[PDB]
Amino acid sequence: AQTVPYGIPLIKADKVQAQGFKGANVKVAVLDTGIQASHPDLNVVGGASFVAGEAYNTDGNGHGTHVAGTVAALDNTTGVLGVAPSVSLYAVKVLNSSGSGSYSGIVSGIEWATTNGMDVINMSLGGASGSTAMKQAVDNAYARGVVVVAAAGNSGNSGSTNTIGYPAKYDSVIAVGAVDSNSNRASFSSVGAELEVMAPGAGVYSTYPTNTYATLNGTXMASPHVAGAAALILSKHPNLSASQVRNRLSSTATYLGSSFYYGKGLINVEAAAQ
């Protein structure tokens, strides 16, 4: 009765979960459209909302719930399986039900996450431009020991044009691209010098608002695979610093082609958590 989305074994999260490392006691903040906390396949420990009128534990869009499920859908006999099923899941609502949010709201969610001691922050969101406030927020979270992961964007490639969005473009954040079940680069996946790693992003099945499950495409789906992987590494090696977890993900990646299109390649968590 429990479906294992193709992305779990593609990044070898299953090999690691098999060793008994499932992200227990690692704190992951999902800065998104909120999370349908009542979903049977998700356990949200807490959060905050920086969007007017909406509580953090509701998701009127679907996006946040889907991202959360890829990171931590509960290991049981129903629904799907998350990359790090035992993680302490926090919903930080920074995007409205239309999937949009302000820099101010985003910066506050990052700050809240750093202040509240999150170990990993996932941002399946981005903008064409950045802001010093946002750069300062991510550089500080990173310097504080937090692993910061962001979706690279879905602008595809325009010749030699860099299409990586913010915050993924900042060097203190891991810019994640998207591949499909054949491990091929998804056409929509953004390109550019800052692209760091790749993760499953096309045809990703996960938890979806009102106790169901749905399939979505996007670097938004790729990102939570890396956030979850970071969680597995930390549960296995509590001692590592954020930069060490980051380097482990990128050094052990499966080469797929030119770094402008694939970064260091597809993540392999079995090899990264060795």
Side-chain angles (χ1 to χ4, degrees), residues 4-5 7-32 35 41-47 64-76 80-92 110 113-114 116-124 138 141-142 144-151 173-174 176 196-201 204 206-207 220-253 266-274:
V4 180
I8 298 296
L10 190 65
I11 65 170
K12 299 184 180 53
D14 61 332
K15 316 282 276 300
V16 175
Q17 286 179 27
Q19 296 159 28
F21 302 107
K22 295 150 172 290
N25 209 44
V26 175
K27 285 63 69 205
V28 177
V30 176
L31 271 61
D32 214 294
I35 303 173
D41 223 19
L42 295 177
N43 183 52
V44 177
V45 179
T65 303
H66 201 277
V67 167
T70 293
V71 177
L74 300 169
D75 187 17
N76 49 28
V80 294
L81 173 64
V83 174
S86 302
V87 88
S88 292
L89 186 57
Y90 292 74
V92 187
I110 298 175
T114 307
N116 284 258
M118 295 301 111
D119 298 306
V120 185
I121 290 174
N122 182 85
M123 297 180 277
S124 282
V138 295
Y142 187 48
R144 274 280 288 105
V146 189
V147 177
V148 185
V149 192
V173 191
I174 303 175
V176 185
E196 196 158 332
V197 292
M198 302 298 266
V204 178
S206 190
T207 46
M221 285 64 249
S223 183
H225 282 94
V226 177
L232 295 178
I233 296 175
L234 282 178
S235 60
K236 179 158 179 183
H237 293 107
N239 53 104
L240 285 31
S241 66
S243 57
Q244 289 182 114
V245 168
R246 192 178 180 171
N247 199 59
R248 287 170 74 113
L249 285 172
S250 57
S251 306
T252 63
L266 175 66
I267 59 161
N268 176 343
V269 317
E270 168 181 50
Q274 287 188 148

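By convention here, the first residue in the shown sequence is residue 1. Just so you know, these numbers use all the heavy atoms, side chains as well, and skip hydrogens, waters and symmetry mates.
The closest donor-acceptor contact from the side chain of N122 to the backbone of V28 lies at 3.5 Å or more, if one exists at all. The backbone N or O of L232 sits nowhere less than 3.5 Å from a side-chain atom of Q17 that would complete a donor-acceptor pair. Between the side chain of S206 and the backbone N or O of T70, at least one donor-acceptor pair lies under 3.5 Å. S88 places no side-chain N or O within donor-acceptor distance of the main-chain N or O of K27, the cut-off being under 3.5 Å. Side chain of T65 to main chain of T207: no donor-acceptor pair is present (N/O by atom type, distance under 3.5 Å, no hydrogens or angles). A donor-acceptor contact shorter than 3.5 Å is absent between the side chain of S251 and the backbone of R248. The main-chain N or O of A230 is never found under 3.5 Å from a side-chain atom of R246 such that the two would form a donor-acceptor pair. In terms of modelled atom types and a separation under 3.5 Å, the side chain of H225 and the main chain of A13 share no donor-acceptor contact.
Here the closest heavy-atom approach between residue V26 and residue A231 is recorded as CG2-O, 3.7 Å. In terms of heavy atoms, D32 sits closest to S124 at OD2-CB, 3.8 Å. Residues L42 and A73 come closest through the heavy atom pair CD2-CA, 4.0 Å. Nearest heavy atoms, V92 versus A29: CG2-CB, 4.0 Å. The shortest heavy-atom contact between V71 and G228 is CG1-CA, 4.2 Å. Closest approach of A68 to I35, counting heavy atoms only: CB-CD1, 3.7 Å.
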Show, in sequence, the C-alpha distance, side-chain angles and deciding distance for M123 and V138, and conclude whether the side-chain contact (heavy atoms from CB on, under 4.5 Å) test is met. CA-CA 11 Å; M123 297 180 277; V138 295; 3.9 Å; yes
List the steps and the verdict of side-chain contact (heavy atoms from CB on, under 4.5 Å) for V44 and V30. CA-CA 10 Å; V44 177; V30 176; over 6 Å; no
Would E270 and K12 satisfy salt bridge (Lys or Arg N to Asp or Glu O under 4.0 Å), going step by step from the backbone distance to the final call? CA-CA 6 Å; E270 168 181 50; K12 299 184 180 53; 5.5 Å; no
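Under the 4.5 Å side-chain criterion, counting only non-hydrogen atoms from C-beta, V146 is not in contact with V120. Put simply, the side chain of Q244 does not reach to within 4.5 Å of the side chain of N239, judged on heavy atoms.
With rounding to the nearest 0.5 angstrom, the CD1 atom of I121 is 13.0 Å from the OH atom of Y90. Between the CG atom of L81 and the CG atom of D14 there is a distance of 8.5 Å, given to the nearest 0.5 Å. Separation of atoms CD1 (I174) and OG (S223) is listed at 9.0 Å; rounding is to 0.5 Å. From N43, atom CG reaches atom CG of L89 across 7.5 Å, with rounding to the nearest 0.5 Å.
Of the residues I233, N268, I11, the one that meets the side chain to side chain contact (heavy atoms under 4.5 Å, CB included) test with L249 is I233.
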